[PDB]
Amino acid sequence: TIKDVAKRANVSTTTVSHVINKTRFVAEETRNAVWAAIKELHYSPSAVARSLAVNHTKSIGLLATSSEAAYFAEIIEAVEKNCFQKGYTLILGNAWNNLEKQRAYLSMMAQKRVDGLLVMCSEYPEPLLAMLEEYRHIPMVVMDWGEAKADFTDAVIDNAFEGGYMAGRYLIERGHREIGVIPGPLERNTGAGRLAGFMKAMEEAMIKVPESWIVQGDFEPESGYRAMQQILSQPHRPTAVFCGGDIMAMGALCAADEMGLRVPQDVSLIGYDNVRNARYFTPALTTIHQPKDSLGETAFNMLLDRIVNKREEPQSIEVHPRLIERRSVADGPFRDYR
């Protein structure tokens, strides 16, 4: 079809080409002619042809996990802005933590020859680490590890451990000593590491968490529901709960309310994520803020670099969590004695 433009304008296609991409000087007339032709013909230059020729698709892949989740959703939306802004195209792919699905999306991706690859898999068993190596050739950044688990990718690191510690401290310093925790999947950073951060804070305080006070969640409101229930559903119960993520949190609020418990009056709750509508939780959720966007943009950026400046060496940038005081926490019995 570029032939078709060239001839309407009676110029070579080389010409048409150049004008379209201001790639060498063209006579005004000539230029106009082409534009006109382009217009009447209603010409959409083909990207695929172009890709075939220039060797890059100007599009990037996001091998995700799930996208509905607030947390995720929020990240992703960020990414897209960045893509758009630098003219990249976004291929969103959710593997649902499934190998097959993941091998599958991964192949489609290489085949479609994505310029780079954003990876948010949540859990990385060897089998998955393996597959990923098989594609080291295609540039990529993992956005969800706590530390660099490979030398063949960039990594943006969140400091989940230090956010967890921040969480516990706060409780401690607000008068708390009988706390419980609903962590996310241990096979994840946002799971394991947050918990650990939290645990250290406790040990330093000589606080011991009774196993009946620790209930695993899967980041879903239902899981928060069950844990909260199980925790309060017992003889002796904590006076404060540390909840792995804001959504499960939201789930935990629900159940407390259902047992007619008062937050923060009967139980204090501290979350983790600072999702877009945590403030609109009831009560307004006090939580730990994860810098989602910076998380997004920052990843994009490494990729671009690697992509453009043809970097070869793995890199890793850390980002920082921070406490957001809302209204789900109250003073504990030990506050005055400090």
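We number the residues from 1 along the sequence you see.
Look at the mean CA B-factor for 42-50 and for 267-275 in the entry; the higher one is 42-50. For the two regions 293-301 and 31-39, the entry's Cα B-factors average higher over 31-39. Residue-level inspection of the entry shows that, of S12, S328, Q315, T23, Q315 has the top Cα B-factor.
Listed residues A227, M108, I172, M259 were ranked by CA B-factor as deposited; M259 comes out on top. Ranked within its chain, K208 lands in the highest third, by CA B factor from the PDB record. Among all modelled residues in this chain, the alpha-carbon of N94 has a temperature factor (C-alpha) in the middle third. Sorting the modelled residues of the chain by their CA temperature factor places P185 in the middle third. The entry lists a Cα temperature factor for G191 that places it in the lowest third of the chain's modelled residues.
Among the modelled residues of the chain, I231 sits in the highest third by CA temperature factor in this PDB entry.
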